[PDB]
Amino acid sequence: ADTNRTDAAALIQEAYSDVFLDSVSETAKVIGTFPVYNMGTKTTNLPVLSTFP
Amino acid sequence: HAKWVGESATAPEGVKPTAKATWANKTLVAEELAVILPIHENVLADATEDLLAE
């Protein structure tokens, strides 16, 4: 017989490491790329020329 | 070559393996290249060039 790893297991601690632990990345683009308008109320009206003579 | 060797005192997987090296031999052997160039001494004396240097 011998004292094997399962017999000593109560005094064989595992380690921990963070090399693969990360927060979510911020992937969003549209507010960064397109023109932004600061709205002051729920609705804004945008008039456009529709037809001309 | 090494192998992976597990850990028990009883299963075949736990036994560290044996291995060997080997050597061989190559030879240089010397061999002879030769030529004889004969000439008649009157030709040697009459010629305008040093024919022995040629």
# chains A, B, ... in the order shown; residues from 1 in each chain; ligands from 1
$ interface_residues --of "chain A" --to "chain B" --cutoff "12 Å" --atoms "only C-alpha atoms" --output "number ranges by chain"
A: 1-6
$ select_by_dssp --residues "chain B" --states "helix (DSSP H, G or I)" --output "number ranges by chain"
B: 12-14, 41-46
$ write_last_selection --atoms "N, CA and C atoms" --output "mmCIF file, in the first residue's frame"
data_model
loop_
_atom_site.group_PDB
_atom_site.id
_atom_site.type_symbol
_atom_site.label_atom_id
_atom_site.label_comp_id
_atom_site.auth_asym_id
_atom_site.auth_seq_id
_atom_site.Cartn_x
_atom_site.Cartn_y
_atom_site.Cartn_z
ATOM 1 N N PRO B 12 0.054 -0.083 -15.118
ATOM 2 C CA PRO B 12 1.148 0.007 -16.079
ATOM 3 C C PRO B 12 1.459 1.432 -16.537
ATOM 4 N N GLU B 13 0.458 2.310 -16.560
ATOM 5 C CA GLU B 13 0.606 3.693 -17.007
ATOM 6 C C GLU B 13 1.577 4.498 -16.147
ATOM 7 N N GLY B 14 1.771 4.137 -14.877
ATOM 8 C CA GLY B 14 2.609 4.879 -13.933
ATOM 9 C C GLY B 14 4.117 4.701 -14.113
ATOM 10 N N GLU B 41 66.098 15.781 -74.518
ATOM 11 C CA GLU B 41 66.880 16.937 -74.071
ATOM 12 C C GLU B 41 67.289 17.902 -75.178
ATOM 13 N N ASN B 42 67.484 17.444 -76.411
ATOM 14 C CA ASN B 42 67.773 18.361 -77.510
ATOM 15 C C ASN B 42 66.585 19.279 -77.808
ATOM 16 N N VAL B 43 65.346 18.785 -77.729
ATOM 17 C CA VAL B 43 64.140 19.615 -77.861
ATOM 18 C C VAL B 43 64.091 20.634 -76.737
ATOM 19 N N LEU B 44 64.359 20.183 -75.521
ATOM 20 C CA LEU B 44 64.415 21.011 -74.330
ATOM 21 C C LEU B 44 65.451 22.138 -74.481
ATOM 22 N N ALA B 45 66.607 21.858 -75.079
ATOM 23 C CA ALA B 45 67.670 22.829 -75.303
ATOM 24 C C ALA B 45 67.417 23.757 -76.497
ATOM 25 N N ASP B 46 66.806 23.257 -77.568
ATOM 26 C CA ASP B 46 66.558 24.005 -78.799
ATOM 27 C C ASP B 46 65.350 24.936 -78.722
#
$ closest_residue --among "B:19, B:52, B:11, B:28" --to "residue 40 in chain B" --atoms "only C-alpha atoms"
B:52
$ residues_around --residues "residue 1 in chain B" --least-positions-apart "6" --cutoff "10 Å" --atoms "only C-alpha atoms" --output "PyMOL selection string"
chain B and resi 17-21
$ write_last_selection --atoms "C-alpha atoms" --output "PDB file, in the first residue's frame"
ATOM      1  CA  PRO B  17       9.937   4.310 -19.910  1.00  0.00           C
ATOM      2  CA  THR B  18      13.426   3.316 -21.152  1.00  0.00           C
ATOM      3  CA  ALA B  19      15.406   4.495 -24.255  1.00  0.00           C
ATOM      4  CA  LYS B  20      18.831   4.484 -26.068  1.00  0.00           C
ATOM      5  CA  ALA B  21      21.130   6.544 -28.314  1.00  0.00           C
TER       6      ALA B  21
END
$ atom_distance --atom1 "CA of residue 26 in chain A" --atom2 "CA of residue 38 in chain A"
21.8 Å
$ decode --residues "range 2-39 of chain A" --atoms "N, CA, C and O atoms" --output "tab-separated table (two decimals), in the first residue's frame"
chain	number	residue	atom	x	y	z
A	2	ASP	N	0.24	2.40	-0.39
A	2	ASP	CA	0.83	3.73	-0.35
A	2	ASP	C	-0.23	4.80	-0.10
A	2	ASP	O	-1.40	4.63	-0.43
A	3	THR	N	0.27	5.97	0.33
A	3	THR	CA	-0.55	7.19	0.50
A	3	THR	C	-0.65	7.84	-0.89
A	3	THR	O	0.31	8.53	-1.29
A	4	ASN	N	-1.75	7.61	-1.62
A	4	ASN	CA	-1.94	8.15	-2.96
A	4	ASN	C	-2.59	9.54	-2.93
A	4	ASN	O	-2.96	10.05	-1.87
A	5	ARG	N	-2.77	10.17	-4.09
A	5	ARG	CA	-3.35	11.52	-4.19
A	5	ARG	C	-4.74	11.62	-3.58
A	5	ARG	O	-5.03	12.59	-2.90
A	6	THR	N	-5.59	10.61	-3.73
A	6	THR	CA	-6.94	10.62	-3.14
A	6	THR	C	-6.90	10.59	-1.61
A	6	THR	O	-7.76	11.17	-0.97
A	7	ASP	N	-5.89	9.96	-1.00
A	7	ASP	CA	-5.71	9.95	0.45
A	7	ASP	C	-5.25	11.29	1.00
A	7	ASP	O	-5.63	11.66	2.10
A	8	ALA	N	-4.43	12.01	0.25
A	8	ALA	CA	-3.95	13.34	0.60
A	8	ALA	C	-4.85	14.48	0.10
A	8	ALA	O	-4.57	15.64	0.39
A	9	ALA	N	-5.91	14.19	-0.64
A	9	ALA	CA	-6.71	15.18	-1.37
A	9	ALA	C	-7.22	16.33	-0.49
A	9	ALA	O	-7.20	17.48	-0.93
A	10	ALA	N	-7.57	16.06	0.76
A	10	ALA	CA	-8.02	17.07	1.72
A	10	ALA	C	-6.99	18.19	1.95
A	10	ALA	O	-7.36	19.33	2.21
A	11	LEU	N	-5.71	17.90	1.80
A	11	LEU	CA	-4.64	18.88	1.80
A	11	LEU	C	-3.88	19.25	0.52
A	11	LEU	O	-2.79	19.81	0.54
A	12	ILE	N	-4.54	18.99	-0.61
A	12	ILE	CA	-4.17	19.44	-1.95
A	12	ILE	C	-5.00	20.53	-2.65
A	12	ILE	O	-5.87	20.29	-3.50
A	13	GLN	N	-4.75	21.77	-2.25
A	13	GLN	CA	-5.52	22.93	-2.69
A	13	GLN	C	-5.30	23.25	-4.17
A	13	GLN	O	-4.18	23.19	-4.67
A	14	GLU	N	-6.36	23.64	-4.88
A	14	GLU	CA	-6.29	24.18	-6.23
A	14	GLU	C	-6.01	25.69	-6.23
A	14	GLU	O	-6.40	26.40	-5.32
A	15	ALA	N	-5.36	26.19	-7.28
A	15	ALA	CA	-5.13	27.61	-7.49
A	15	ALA	C	-6.20	28.25	-8.38
A	15	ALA	O	-6.98	27.56	-9.03
A	16	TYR	N	-6.23	29.58	-8.45
A	16	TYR	CA	-7.11	30.36	-9.33
A	16	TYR	C	-6.32	31.41	-10.10
A	16	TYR	O	-5.45	32.07	-9.54
A	17	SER	N	-6.64	31.62	-11.37
A	17	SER	CA	-6.12	32.71	-12.18
A	17	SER	C	-7.02	33.46	-13.20
A	17	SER	O	-8.00	32.95	-13.76
A	18	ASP	N	-6.79	34.75	-13.37
A	18	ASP	CA	-7.63	35.60	-14.23
A	18	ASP	C	-7.35	35.86	-15.72
A	18	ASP	O	-7.98	36.69	-16.36
A	19	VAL	N	-6.42	35.10	-16.31
A	19	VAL	CA	-5.92	35.36	-17.66
A	19	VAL	C	-7.00	35.38	-18.74
A	19	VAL	O	-6.85	36.09	-19.72
A	20	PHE	N	-8.10	34.66	-18.55
A	20	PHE	CA	-9.22	34.60	-19.48
A	20	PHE	C	-10.49	35.29	-18.96
A	20	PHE	O	-11.55	35.17	-19.58
A	21	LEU	N	-10.42	36.05	-17.87
A	21	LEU	CA	-11.58	36.73	-17.29
A	21	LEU	C	-11.62	38.19	-17.73
A	21	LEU	O	-10.69	38.95	-17.46
A	22	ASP	N	-12.72	38.61	-18.35
A	22	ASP	CA	-12.92	39.95	-18.90
A	22	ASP	C	-14.38	40.41	-18.77
A	22	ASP	O	-15.30	39.60	-18.80
A	23	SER	N	-14.59	41.72	-18.68
A	23	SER	CA	-15.92	42.33	-18.83
A	23	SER	C	-16.41	42.27	-20.27
A	23	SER	O	-15.63	42.06	-21.19
A	24	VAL	N	-17.70	42.52	-20.50
A	24	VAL	CA	-18.18	42.74	-21.88
A	24	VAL	C	-17.51	43.96	-22.49
A	24	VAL	O	-17.31	44.98	-21.83
A	25	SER	N	-17.17	43.86	-23.77
A	25	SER	CA	-16.72	44.99	-24.57
A	25	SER	C	-17.92	45.85	-25.01
A	25	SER	O	-19.02	45.35	-25.24
A	26	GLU	N	-17.70	47.15	-25.15
A	26	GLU	CA	-18.68	48.07	-25.72
A	26	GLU	C	-18.52	48.11	-27.25
A	26	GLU	O	-17.66	48.81	-27.77
A	27	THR	N	-19.30	47.30	-27.97
A	27	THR	CA	-19.21	47.18	-29.43
A	27	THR	C	-20.07	48.19	-30.21
A	27	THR	O	-19.96	48.23	-31.43
A	28	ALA	N	-20.92	48.98	-29.56
A	28	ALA	CA	-21.91	49.80	-30.25
A	28	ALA	C	-21.32	50.97	-31.04
A	28	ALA	O	-20.39	51.63	-30.56
A	29	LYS	N	-21.86	51.28	-32.23
A	29	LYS	CA	-21.28	52.28	-33.14
A	29	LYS	C	-22.18	53.47	-33.50
A	29	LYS	O	-21.63	54.54	-33.71
A	30	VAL	N	-23.51	53.35	-33.60
A	30	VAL	CA	-24.27	54.36	-34.36
A	30	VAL	C	-24.24	55.77	-33.78
A	30	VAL	O	-24.15	56.72	-34.55
A	31	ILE	N	-24.23	55.93	-32.46
A	31	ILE	CA	-24.08	57.24	-31.82
A	31	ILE	C	-22.68	57.82	-32.06
A	31	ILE	O	-22.51	59.04	-32.15
A	32	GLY	N	-21.67	56.98	-32.21
A	32	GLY	CA	-20.31	57.40	-32.54
A	32	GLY	C	-20.14	57.84	-34.00
A	32	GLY	O	-19.37	58.76	-34.27
A	33	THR	N	-20.85	57.21	-34.94
A	33	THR	CA	-20.63	57.44	-36.37
A	33	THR	C	-21.58	58.45	-36.99
A	33	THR	O	-21.13	59.31	-37.73
A	34	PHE	N	-22.89	58.36	-36.73
A	34	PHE	CA	-23.87	59.22	-37.37
A	34	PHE	C	-24.08	60.57	-36.65
A	34	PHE	O	-23.71	60.69	-35.49
A	35	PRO	N	-24.65	61.59	-37.32
A	35	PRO	CA	-25.02	62.85	-36.70
A	35	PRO	C	-26.00	62.66	-35.54
A	35	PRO	O	-27.02	61.99	-35.69
A	36	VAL	N	-25.71	63.28	-34.40
A	36	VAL	CA	-26.55	63.21	-33.20
A	36	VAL	C	-27.27	64.54	-32.96
A	36	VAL	O	-26.64	65.60	-32.95
A	37	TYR	N	-28.57	64.47	-32.74
A	37	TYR	CA	-29.43	65.59	-32.36
A	37	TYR	C	-29.91	65.41	-30.92
A	37	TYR	O	-30.48	64.37	-30.58
A	38	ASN	N	-29.70	66.39	-30.05
A	38	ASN	CA	-30.20	66.35	-28.67
A	38	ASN	C	-31.67	66.75	-28.63
A	38	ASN	O	-31.99	67.92	-28.78
A	39	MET	N	-32.58	65.79	-28.44
A	39	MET	CA	-34.02	66.08	-28.37
A	39	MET	C	-34.42	66.69	-27.02
A	39	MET	O	-33.97	66.23	-25.97
